[PDB]
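Residues per chain, in single letters:
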Protein chains: 2
Amino acid sequence: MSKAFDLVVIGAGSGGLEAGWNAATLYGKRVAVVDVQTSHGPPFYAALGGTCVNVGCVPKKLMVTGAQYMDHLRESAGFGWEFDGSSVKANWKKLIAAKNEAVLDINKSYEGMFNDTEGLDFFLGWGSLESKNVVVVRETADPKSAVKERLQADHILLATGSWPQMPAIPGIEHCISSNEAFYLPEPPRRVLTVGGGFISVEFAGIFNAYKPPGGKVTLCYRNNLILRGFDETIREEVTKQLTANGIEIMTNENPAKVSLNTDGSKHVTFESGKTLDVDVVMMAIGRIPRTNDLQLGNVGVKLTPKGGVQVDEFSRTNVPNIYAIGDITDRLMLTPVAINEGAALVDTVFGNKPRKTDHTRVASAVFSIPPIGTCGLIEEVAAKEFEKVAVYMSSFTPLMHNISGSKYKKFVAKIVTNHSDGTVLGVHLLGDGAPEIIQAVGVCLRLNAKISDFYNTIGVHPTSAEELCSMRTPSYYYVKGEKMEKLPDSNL
Amino acid sequence: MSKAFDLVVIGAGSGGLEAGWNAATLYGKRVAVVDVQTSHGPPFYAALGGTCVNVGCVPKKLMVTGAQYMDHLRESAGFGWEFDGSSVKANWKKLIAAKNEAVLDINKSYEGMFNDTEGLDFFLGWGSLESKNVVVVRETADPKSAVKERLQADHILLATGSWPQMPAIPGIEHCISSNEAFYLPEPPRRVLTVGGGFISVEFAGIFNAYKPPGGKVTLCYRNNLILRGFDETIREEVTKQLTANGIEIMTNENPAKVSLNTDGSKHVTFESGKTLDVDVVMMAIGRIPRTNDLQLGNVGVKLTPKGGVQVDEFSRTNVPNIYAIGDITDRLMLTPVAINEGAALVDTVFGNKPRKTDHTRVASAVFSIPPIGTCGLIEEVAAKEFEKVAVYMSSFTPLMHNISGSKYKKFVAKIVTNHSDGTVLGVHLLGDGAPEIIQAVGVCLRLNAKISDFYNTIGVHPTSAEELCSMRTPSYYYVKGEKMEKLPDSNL
Ligand SMILES: Cc1cc2nc3c(=O)[nH]c(=O)nc-3n(C[C@H](O)[C@H](O)[C@H](O)COP(=O)(O)OP(=O)(O)OC[C@H]3O[C@@H](n4cnc5c(N)ncnc54)[C@H](O)[C@@H]3O)c2cc1C
Ligand SMILES: Cc1cc2nc3c(=O)[nH]c(=O)nc-3n(C[C@H](O)[C@H](O)[C@H](O)COP(=O)(O)OP(=O)(O)OC[C@H]3O[C@@H](n4cnc5c(N)ncnc54)[C@H](O)[C@@H]3O)c2cc1C
Ligand SMILES: c1cc2c(ccn2CCC2CCNCC2)cc1-c1ncc(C2(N3CCCC3)CCCCC2)s1
Ligand SMILES: c1cc2c(ccn2CCC2CCNCC2)cc1-c1ncc(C2(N3CCCC3)CCCCC2)s1
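- Going by the header, the method for this PDB entry is X-ray crystallography, and the resolution given is 2.73 Å.

- The name given to chain A in the PDB entry is Trypanothione reductase, with Trypanosoma brucei brucei as the source organism.
- Quoted verbatim from the Catalytic activity (unreviewed entry) heading of the UniProt record, the comment on chain A is "trypanothione + NADP(+) = trypanothione disulfide + NADPH + H(+)".
- The record in UniProt for chain A states the following under Sequence similarities (unreviewed entry): "Belongs to the class-I pyridine nucleotide-disulfide oxidoreductase family."

Observations concerning the relation of the copies chain A and chain B
Part 1 of the reasoning: After a rotation of 178 degrees and a shift along the axis of 0.3 Å, chain A superposes on chain B with an RMSD of 0.8 Å. Here the two chains are linked by the operation of a two-fold rotation axis.
Part 2 of the reasoning: Of the residues that chain A buries at the interface, 99% are likewise interface residues in chain B, meaning the two copies contact each other through the same surface.

Focus on the site of ligand 1
Part 1 of the reasoning: By nearness alone, 36 residues border ligand 1, and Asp35, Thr51, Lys60, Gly326 and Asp327 of chain A come closest of all.
Part 2 of the reasoning: A distance of 2.9 Å separates an oxygen atom of ligand 1 from a polar backbone atom of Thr335 of chain A.
Part 3 of the reasoning: Note that a nitrogen atom of ligand 1 is positioned 3.0 Å from one of the backbone N or O atoms of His461 of chain B.
Part 4 of the reasoning: Here ligand 1 loses 98% of its free accessible area of 1,000 Å² to cover by the protein chains.
Part 5 of the reasoning: Its residues assigned to classes, the shell around ligand 1 comprises 17 nonpolar, 14 polar and 5 charged.

Brief notes about the domain arrangement of chain A
All names here are of chain A.
Part 1 of the reasoning: Here chain A is described as being made up of domain 1 (1-164 + 286-360), domain 2 (165-285) and domain 3 (361-472).
Part 2 of the reasoning: Placing the centre of domain 1 and that of domain 2 at their C-alpha centroids yields a distance of 27 Å.
Part 3 of the reasoning: Contacts between the two partners involve 28 residues from domain 1, matched on the other side by 24 residues from domain 2.
Part 4 of the reasoning: Taken together, the two surfaces of domain 1 and domain 2 that pack against each other cover about 2,300 Å², and 65% of this comes from carbon and sulfur.
Part 5 of the reasoning: Across the contact surface, domain 1 and domain 2 share 1 salt bridge.
Part 6 of the reasoning: For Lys60, the salt bridge goes to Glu202, with nearest N and O atoms at 3.0 Å.
Part 7 of the reasoning: At the boundary of domain 1 and domain 2, one finds 9 residue pairs in polar contact.
Part 8 of the reasoning: Considering each element in turn, the side of domain 1 that touches domain 2 owes the most residues, 8 residues, to helix 3 (residues 57-76).
Part 9 of the reasoning: Taken together, the residues that form the side of domain 1 that touches domain 2 break down as 15 nonpolar, 8 polar and 5 charged.

Focus: the UniProt feature "binding site: Mg(2+)" (unreviewed entry) in chain A
All names here are of chain A.
Part 1 of the reasoning: Under the UniProt annotation, "binding site: Mg(2+)" (unreviewed entry) lies at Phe114, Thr117, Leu120 and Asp121.
Part 2 of the reasoning: Look at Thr117 and you get buried, because its relative accessible area is 13%.
Part 3 of the reasoning: Residues within four places of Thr117 in sequence aside, it is in contact with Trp21, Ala24 and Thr25.
Part 4 of the reasoning: At a separation of 3.0 Å, a polar atom in the side chain of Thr117 contacts the main-chain carbonyl oxygen of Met113.

Some thoughts on the pairing of strand 8 (residues 134-138) of chain B
Residues and elements named next belong to chain B.
Part 1 of the reasoning: Most of strand 8 sits inside the fold, with 5 of its 5 residues counted as buried.
Part 2 of the reasoning: By the alternation rule, side chains of strand 8 split into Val134, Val136 and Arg138 and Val135 and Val137, which are all buried.
Part 3 of the reasoning: Direction of pairing for strand 7 (residues 126-131) relative to strand 8: antiparallel, over a ladder of 5 bridges. In the strand pairing of strand 8, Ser131 is matched with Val134.
Part 4 of the reasoning: What sits between strand 7 and strand 8 in their antiparallel hairpin is a turn of 2 residues.
Part 5 of the reasoning: Note: strand 8 against strand 9 (residues 147-153), 5 bridges, orientation antiparallel.

Observations regarding the interface of chain A and chain B
Part 1 of the reasoning: Across the boundary between the two partners, chain A contributes 72 residues, which contact 72 residues of chain B.
Part 2 of the reasoning: Between chain A and chain B, a total of about 6,300 Å² is buried, with carbon and sulfur atoms accounting for 69% of that surface.
Part 3 of the reasoning: For chain A, the biggest contributors to the area lost against chain B are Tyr69, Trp81 and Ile458 of chain A; these three give 13% of the whole.
Part 4 of the reasoning: At the junction of chain A with chain B, the criterion picks out 0 salt bridges.

Observations concerning the packing of helix 3 of chain A against helix 6 (residues 198-210) of chain A
All names here are of chain A.
Part 1 of the reasoning: At a closest axis distance of 8 Å, the pairing of helix 3 and helix 6 adopts a crossing angle of 45 degrees. On the basis of their axis angle, the class for helix 3 and helix 6 is oblique. For the pair helix 3 and helix 6, the crossing hand works out as left-handed. Mapping the contact onto sequence places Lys60, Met63, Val64, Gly66, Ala67 and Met70 in helix 3 and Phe198, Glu202, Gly205, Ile206, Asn208, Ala209 and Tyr210 in helix 6.
Part 2 of the reasoning: The residue inventory of the contact of helix 3 with helix 6, partitioned by class, reads 8 nonpolar, 3 polar and 2 charged.

Some points on the side chain of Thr291 of chain A
All names here are of chain A.
Part 1 of the reasoning: Relative to the helices and strands, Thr291 is located in the loop between strand 18 (287-289) and strand 19 (322-324).
Part 2 of the reasoning: On the basis of relative accessibility, which here comes to 10%, the residue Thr291 falls in the buried class.
Part 3 of the reasoning: In this structure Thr291 touches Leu296, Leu303, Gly307, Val309 and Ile328, once residues within four positions along its chain are discounted.

Some words on unusual backbone geometry
Across the chain, the bulk of peptide bonds are trans and the bulk of non-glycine residues have phi less than zero.
Residues and elements named next belong to chain A.
Part 1 of the reasoning: Going from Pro42 to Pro43, the amide bond is cis rather than trans, its omega being 0 degrees.
Part 2 of the reasoning: Take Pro43: it is sitting in the loop between strand 2 (31-35) and helix 2 (50-55).
Part 3 of the reasoning: In the segment running from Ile369 into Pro370, the intervening peptide bond is cis, with an omega of 10 degrees.
Part 4 of the reasoning: By the secondary structure assignment, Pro370 is in the loop between strand 20 (363-366) and strand 21 (372-376).
Part 5 of the reasoning: The phi dihedral of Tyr45 falls on the positive side, at around 60 degrees, and the residue is not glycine.
Part 6 of the reasoning: The topology assignment puts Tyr45 in the loop between strand 2 and helix 2.
Part 7 of the reasoning: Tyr45 sits in the buried class, given a relative accessible area of 13%.
Part 8 of the reasoning: For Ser315, which is not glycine, the phi dihedral falls at a positive 75 degrees.

Reading the values: rules and limits
- Residues numbered from 1 in each chain as written, not as in the entry; some residues may be left out.
- Chains lettered and ligands numbered in written order.
- Heavy atoms only, no water.
- UniProt positions renumbered as here; feature names shortened; annotations may be inferred.
- Least-squares fit on C-alpha atoms.
- Contact = heavy atoms within 4.5 Å.
- Near = heavy atom within 4 Å.
- Polar contact = N/O pair within 3.5 Å; in protein donor to acceptor, adjacent residues only side chain to side chain.
- Areas by Shrake-Rupley, 256 points an atom, 1.4 Å probe, with all protein chains shown as cover.
- Nonpolar A, V, L, I, M, F, W, Y, C, P; charged D, E, K, R; others polar.
- Domains from an automatic or database assignment.
- Buried area = accessible area lost by both parts, 1.4 Å probe.
- Salt bridge = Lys/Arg side-chain N within 4 Å of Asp/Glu carboxyl O.
- Helix = DSSP H or I, 4+ residues; strand = E, 2+ residues; numbered from the N terminus.
- Buried < 20%, exposed > 50% of the residue type's maximum accessible area, 1.4 Å probe, protein only.
- Pairing = 2+ DSSP bridges.
- Axes fitted to C-alpha atoms, helices over the stretch in contact; angles between N-to-C directions.
- Parallel < 35°, antiparallel > 145°, perpendicular 65-115°, else oblique.
- Left-handed = near helix turned anticlockwise from the far one by under 90°.

Printed below as a string of structure tokens:
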């Protein structure tokens, strides 16, 4: 009578929802959506709306913004602003509540989005894969827990997102991930964030701003240089500016064991023998694809070398009617890329207008302090796949920071081109504005903009972004993969 | 032999300096630049560096920045930052002192650039035309004053910018312009900016921040709506947000006379008949090209019916080898336009590649609070130019401001289109980050980007700029000049 579902979706995240909505309202398809919670927060943290809405994008930006105010208050003095210095208090409990109310607002809107949209229905619980055309809902992630639904499905979309990777050292239970950090009752006086990724960096600034008096945020990384994958000079610069803002950046170090002290603080021993006492130890060493609770062995879905789900240019798996999008694919773990993959999967299946999503030349940010903006390739990657590579550099200390009192806040801007046709292959910014600036740059790369298109554009003065139009000559080259300043005389 | 140059520049401003530097460092020409001061301030205000450096873009930017801190301190309470509100106060003298230092540093560096660059010589004095090939530098703007030098010039470039226009009302003596506003001893308790342009609006925000207790900023404009030439919706939103901050906006009002009071304050009487008692009256009703002291009649350089120096698309005047650029031409009074006009002039005259400054689709800004970023045409003009016009629009109060308490701060993001092909004709933004966002949008327009090229681009989450890659369907249309919420019929 009610049949199956033209599509069932496991995980109602960024991609899960964009697919179920573009199907119930765009194609009148029957759609089911399974997620494990309706409101943000413990015990599962991520809930209806995805990691982005509950324990990622939205709540992180709000907290970084709140953390920027530490700099604002300090820098106002240069512009003549005075107020009781010793009376300032960074009220973390107040910040978390403001955030929680923002998140729950989105939780309810989506909560209502399902209650007035025929063909779109929400099923609370855990989704496991039974047959190649049946999704199993259970009260908990345990495969032997009670069942509440068995959703007959014509198409099955896997969109469970990803999960924080934890290492195998003694005392790892005394550690937290990004998940639990959003819900600390109090701000930690001493915090150690492990790893070098954007999550560890972004939370180092947040903790650094709301820490009570006498606190130290120590970031450790097992290798030499943090923010692996981002442009090099931006990496060293960001390291320098994190230090300036009081964060201890402790590279070439790795926790080896963690114990509790008589007061509940964590005692951390490293692989190099050095010890550190902190009140919180946050692991941010990577995000793995979230596939364990899916029972993908019941149907034989294939996984890549990394624990991720294998897919093609259309998000299809070996099983004919099973697709995967979002962070479960282990590709570009970004929200708009999951929204793009989801929207594309639908109108290629339920709309016979096949259009895939482009994974190259994608804009992304890193709301650190200072923030990062990037798009395209970095210079050392362009080298390994491009004849002649040009690099445009420019690192001015912004206008206002001679007054502000923050001379260290050096704004950086790199452009990377194929020197043959001058086509821009990358753009890398560091400094306030980088996230908002890079967005419109993403459109340019989608239009094959050559460098001439940039410096021949009239600037908007005075801005930081004008520095992208002010670079007319390379600072060095990458020819044959090698880096020398000058570019040796032709010779074919 | 001596005092015979390749180029003589009257006015060491934005366009002038670019012209000379390029001519000397890029083509090894003997260059001479004349200006009336080496450092900012009275009695001449403008100086080496131009109006932008000494009494223009640079100084106001720093002061707007300082005024933004009034909002920052207030908005920080929503994010958990506590402190004695009553203890806050802004020190206007520290702001000016700080701004003076920053401007002075630029003055100091531009000098020494002359000292270290051969073929580039500076001449302190007042320049004017004696003959087609001779620039005279006198001790004062008066023709009767002492000659300092006579400079033989194969080419002369007029780059003296513009000057504040002051209406000839009785009591005008008791008023100031933007020039003197940069050097007030104390912040006015009561102030009246006159004019609906970007200078009056920007200063309203600065005075509104630094006014002592019980103050009141009052902006008046003789017409019904401020910021003519900007997108209407933005015009009306900025008006609301200005009122939302404390600035009172008197429209359809124009001062008729000013008189002194016993205490020494001002008594304004408008045409309509109303009266306002204010401590300062800042005129910003426009700026006229500074042709007064050049002796253009001695040579016959023709002026425009509007009052600027007449120049073709290559900046050539009716008189051979005499050129003009910048505000003196009375076109787009923007620093990068003059700079680009200067660099183009040098390439053409001293190179083997003609270059002319594209004056359309120039991205400009306006540093109100919040700011405006725009580029390209606005609805009305597009409707006069194209057949079918589409208008993509997006307006909301960012989530960060629902928390900060500043709920009036509604973001705006229009996009004008020619529906006959999709090419973006203009972009108009309002809110935090707009000036930075618009810069790369200027690159996209030079590439004739289409509306599809924006929404088919993957966005950066979470940012204000996302709203540009999110408008897919027009909010309304403009067919044959008329506005309508939907189109006509069929149209295969
Ligand atoms: C701290 C942090 C900051 C980030 N910041 C950014 C940023 O600034 N910009 C950006 O673009 N990206 C950011 N990301 C990444 C972004 O949030 C994710 O890439 C995005 O959520 C991916 O979309 P998705 O739908 O695939 O995953 P998700 O949105 O996480 O979808 C997974 C959902 O499925 C549910 N689920 C899981 N297993 C099951 C199951 N068995 N049964 C039922 N439901 C299940 C989960 O509870 C969750 O609701 C950030 C991530 C983190 C952790
Ligand atoms: C308050 C204000 C704010 C502004 N803000 C912005 C902004 O945010 N962005 C933007 O793009 N533009 C802005 N502008 C516009 C910008 O200042 C001018 O458009 C720009 O400086 C024009 O450059 P120019 O070289 O043509 O003239 P100027 O830069 O003004 O140069 C003219 C120079 O010639 C000198 N001079 C004059 N007469 C003589 C003479 N007889 N002999 C020798 N030297 C002489 C003057 O001393 C002056 O230094 C602003 C302008 C003002 C007034
Ligand atoms: C929000 C609230 C909604 C509905 C439908 C009903 N409601 C509220 C129910 C009412 C109940 C009574 N009280 C008032 C609210 C729909 C929404 C939507 N969010 C987002 C939507 C869109 N995607 C969905 C997933 C991310 C964004 C739809 C696709 C285009 C972008 C916005 S659509
Ligand atoms: C500043 C200081 C300079 C020079 C040349 C020498 N100085 C100082 C001398 C010392 C500098 C530090 N090293 C030791 C020598 C040149 C500059 C320049 N600013 C800006 C310049 C530019 N246009 C020139 C005219 C207006 C701005 C042209 C170069 C790119 C930035 C803009 S050029």
